[PDB]
Amino acid sequence: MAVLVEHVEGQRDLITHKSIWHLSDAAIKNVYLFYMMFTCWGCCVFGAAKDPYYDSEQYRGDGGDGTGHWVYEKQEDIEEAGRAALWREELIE
Amino acid sequence: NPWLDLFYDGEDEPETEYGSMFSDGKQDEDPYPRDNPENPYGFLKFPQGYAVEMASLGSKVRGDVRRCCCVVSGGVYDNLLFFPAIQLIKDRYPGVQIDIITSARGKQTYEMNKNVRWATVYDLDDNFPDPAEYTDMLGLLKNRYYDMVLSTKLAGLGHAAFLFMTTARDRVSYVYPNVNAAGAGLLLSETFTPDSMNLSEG
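If you're matching them up, the sequences are chains 4 and 1 in order. Under the authors' numbering, think of the first position of the first sequence as 1, with each following residue one higher. Under the authors' numbering, think of the first position of the second sequence as 56, with each following residue one higher.
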């Protein structure tokens, strides 16, 4: 039963054990269901957690807002603000 | 030249008045439209008869500019020598915002300028630019809605077309003194022919 012995002349005989096994579709659905609940639990828990960098002053103080283009816009803004500050200083004087 | 502007009918008569409002003075003198704090809906105070949209009237009648684009070629020296022109634009047109297009080296010159709003780096010396970068720069210029664009770079047909697609009311440029600038003046509002193939020789 599920064991086959082959003899070859001039060669060592081979004993092969075989077991055609597969996961049931119910087991696969259970894996999917548990991973979905794990994803929901992790989303809740690690959203409730604190974010070390995105809540820090190193990110928000520089002008970060979660938007991918804040660095270039902040750079152009500070150059324009420097030029406007020179214009203000020349107006006052 | 008659075949280009058919039905010319000469220039304007000396007795033409161009209306009453937005006719004379400068940009900072316009009294209308003014604030109406007594209006329950926030509508402004408009003159009798005149249409509500009046900010477009100054460009057509008085030729006002509010955003100007100076595409300055060269490095630090040329962009530095363009400072009196920028001050002249600021003095002639009060409240104007002047944006500069220049090379990487020339962009650092406008750190010490009080009149420039945006300074942008663009490889003007490349005659065969990247299509994506060229299209992005052209769309940026189109979306800034410049009233007038000036070009110190000697403009051939390609640079004239690039200035043409800017949707600017005034397109002013220096052109090549040779025969290769033929047809560039058709796409430009005003053309200047320098005394040499190098503008920095002056």
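The C-beta atom is built at its ideal place from N, Cα and C for all residues, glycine as well.
- At a cut-off of 8 Å between C-beta atoms, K81 (chain 1) does not count as an interface residue with respect to chain 4.
- For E80 (chain 4), at least one C-beta of chain 1 is nearer than 8 Å to its own C-beta.
- Pairing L99 (chain 1) with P88 (chain 1) gives a Cβ-Cβ distance under 8 Å.
- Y200 (chain 1) and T222 (chain 1) do touch by the CB rule: their CB atoms are close to 7 Å apart, below 8 Å.
- When DSSP states are grouped into helix, strand and coil, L193 (chain 1) belongs to the helix group.
- Contact with chain 1 is absent for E73 (chain 4), since none of that chain's Cβ atoms lies less than 8 Å from the residue's Cβ.
- Listed along chain 1, the residues sitting closer than 7 Å to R83 (chain 4) by beta-carbon distance are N168, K169 and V171.
- For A210 (chain 1), same chain residues with a beta-carbon under 6 Å away, outside a window of 5 residues either side, are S228, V230 and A239 in chain order.
- By alpha-carbon distance to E245 (chain 1), the top candidate from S75 (chain 1), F62 (chain 1), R121 (chain 1) and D225 (chain 1) is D225 (chain 1).
- Between the stretch 135–154 of chain 1 and the stretch 179–190 of chain 1 there are fewer than three inter-stretch CB-CB distances shorter than 8 Å, so the stretches are not counted as touching.
- Scanning chain 1 for C-beta atoms nearer than 8 Å to the C-beta of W87 (chain 4) yields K169 and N170, reported in chain order.
- Contact between the stretch 116–136 of chain 1 and the stretch 202–209 of chain 1 is present, with at least three C-beta pairs closer than 8 Å.
- Within the same chain, Cβ atoms closer than 8 Å to the Cβ of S78 (chain 1) are found at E72, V116 and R117, the five residues on either side in sequence being excluded.
- In the DSSP assignment, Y59 (chain 4) falls within the unbroken alpha helix (DSSP H) covering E57 to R60.
- Under DSSP, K100 (chain 1) takes part in a beta bridge, and its partners are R89 (chain 1).
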